[PDB]
Amino acid sequence: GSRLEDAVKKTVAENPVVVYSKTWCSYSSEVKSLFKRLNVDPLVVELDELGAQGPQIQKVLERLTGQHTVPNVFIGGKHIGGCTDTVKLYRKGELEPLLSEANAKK
Ligand SMILES: *SC[C@H](NC(=O)CC[C@H](N)C(=O)O)C(=O)NCC(=O)O
């Protein structure tokens with residue numbers, strides 16, 4: 001449990017952009033397409049592809065972020081929110097500077 005939380009923290013530290021996703025979730029597909037359009041290749045973790053570990057990671061995500069929905073987006077190691085939250089930062093002109101500060105590749 002503490003190791004899993006640590007693993008999540010490491011994951012978001014190791015990758016400029018992390019998207020905790022489900023393959024079937026339209027909002028996740030939508031935020032993935034935004035990143036594609038901004039020439040960013042995020043680390044995508046598909047919770048529905050991880051079997052028993054999926055709900056365990058979600059428990060950690062709710063504790064760390066206050067969010068129970070997917071996609072759960074992190075940039076530069078910081079929680080962003082979901083698809084609508086990410087798109088808000090985009091419209092506000094804040095997302096691209098965050099991506100460059102996070103050293104997002106591509
Ligand atoms: S597609 C699966 C669901 N995702 C959302 O409803 C995300 C909505 C946010 N506004 C966003 O990311 O844009 C989901 O995670 N449902 C699970 C639940 O408990 O409702």
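Sequence positions, counted from 1, serve as the residue numbers for this chain.
By the 4.5 Å heavy-atom criterion applied to side chains, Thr11 and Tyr20 are counted as neighbours. Side-chain contact between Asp85 and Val73 is absent, with no heavy-atom pair separated by less than 4.5 Å. With a 4.5 Å cut-off on side-chain heavy atoms, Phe35 and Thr86 count as touching. Between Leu4 and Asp6 there is no side-chain heavy-atom pair separated by less than 4.5 Å. At least one side-chain heavy atom of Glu30 sits less than 4.5 Å from a side-chain heavy atom of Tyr27. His79 has its side chain within reach of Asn72: a pair of non-hydrogen atoms, C-beta onward, lies under 4.5 Å apart. No side-chain heavy atom of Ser21 sits less than 4.5 Å from a side-chain heavy atom of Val70. At least one side-chain heavy atom of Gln58 sits under 4.5 Å from a side-chain heavy atom of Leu47.
Taking hydrophobic clusters as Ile, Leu, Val, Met, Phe, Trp and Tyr residues chained together by side-chain heavy-atom distances below 4.5 Å, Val8 shares a cluster with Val18. In this structure, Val31 is a member of the same hydrophobic cluster as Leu99, with clusters built from ILVMFWY side-chain heavy atoms closer than 4.5 Å.
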Apply side chain to side chain contact (heavy atoms under 4.5 Å, CB included) to the pair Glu5 and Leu64, showing each step before the final yes or no. CA-CA 8 Å; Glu5 179 169 343; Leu64 295 181; 3.2 Å; yes

Would you check, one step at a time, whether the test side chain to side chain contact (heavy atoms under 4.5 Å, CB included) holds for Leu95 with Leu34? CA-CA 11 Å; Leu95 182 66; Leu34 175 63; 3.9 Å; yes

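With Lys78 contributing its side chain and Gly76 its backbone, the two residues share a donor-acceptor pair below 3.5 Å. In this structure a side-chain-to-backbone donor-acceptor pair under 3.5 Å is present from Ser100 to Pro97. In terms of modelled atom types and a separation under 3.5 Å, the side chain of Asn15 and the main chain of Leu43 share no donor-acceptor contact. Put simply, the side chain of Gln56 never gets that close to the backbone of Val60: no donor and acceptor are under 3.5 Å apart. In this structure a side-chain-to-backbone donor-acceptor pair under 3.5 Å is present from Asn39 to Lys106.
Applying the side-chain contact (heavy atoms from CB on, under 4.5 Å) test between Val17 and each of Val40, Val12, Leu38 identifies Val40 as the sole match.
Here the straight-line distance linking atom SG of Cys83 with atom NZ of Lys88 works out to 11.5 Å at 0.5 Å rounding. Distance check: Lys59 NZ to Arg63 CZ gives 12.5 Å after rounding to the nearest 0.5 Å.
Of all heavy-atom pairs between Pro71 and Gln67, the closest is O-NE2, 2.9 Å. Heavy atoms only, all atoms of each residue included: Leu98 and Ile75 are closest at O-CG2, 3.8 Å.
Side-chain contact annotation: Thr23 with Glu46, donor-acceptor N/O pair under 3.5 Å absent.
For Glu101, the CD atom is loosely surrounded, since the number of other residues' heavy atoms within 6.0 Å does not exceed 12.
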